[PDB]
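In structure tokens, the next block holds one chain alone, the form deposited in one PDB entry.
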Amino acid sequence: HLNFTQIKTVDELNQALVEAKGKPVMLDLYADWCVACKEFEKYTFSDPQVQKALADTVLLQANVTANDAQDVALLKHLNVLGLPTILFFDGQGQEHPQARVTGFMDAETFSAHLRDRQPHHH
């Protein structure tokens, strides 16, 4: 399983971005009842290719299973319309909306998607 850092609120995401400044970030939005989210874990995040590709990316996760007020605020703030959604932020903390993943992707497809991100080495 990937080693995600959990965030719950907008404030928490923003502080994680501040601390990640200098490395690219991936924010995975998850719920226990989200079938394609579980499929990401089974087929894609579990694949060494993907795991190694992500090794120099800070991985964040929001678990919105409850859909509580903080979850909803977070989704609204990110203009998320459904799950799964995966956002990508460059090493300056800027999100690139075209990089958003909003459906299941297998490991080869996801890997290719990672490759097409804004360059991120120093």
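When you see a residue number, it is the position in the sequence shown, counting from 1.
On average the C-alpha atoms of 111 to 119 have higher B-factors than those of the other stretch, with 111 to 119 and 2 to 10 being the two compared. With 57 to 65 and 80 to 88 compared on mean CA B-factor from the PDB entry, the stretch scoring higher is 80 to 88. Ranked within its chain, residue 31 lands in the highest third, by CA B factor from the PDB record. The deposited CA B-factor of residue 20 belongs to the middle third of values across its chain. Residue 94: CA B factor in the highest third of modelled residues in this chain (values from the PDB entry).
A second form of this protein, the form solved in complex with a partner chain, is not displayed here; the remarks below concern that form.
The listed set 53, 59, 73, 36 contains one residue whose heavy atoms approach its partner chain in the bound PDB entry to within 4.5 Å, identified as 36. At a distance threshold of 4.5 angstroms between non-hydrogen atoms, residue 98 is in contact with its partner chain in the bound PDB entry. Residue 32 belongs to the set of residues with a heavy atom inside 4.5 Å of its partner chain in the bound PDB entry. In the bound PDB entry, its partner chain stays beyond 4.5 Å of every heavy atom belonging to residue 92. Contact annotation: residue 22 falls outside 4.5 Å of its partner chain in the bound PDB entry, judged by heavy atom distances.
When contacts are defined as a non-hydrogen atom within 4.5 Å, all of 43, 102 and 117 contact its partner chain in the bound PDB entry.
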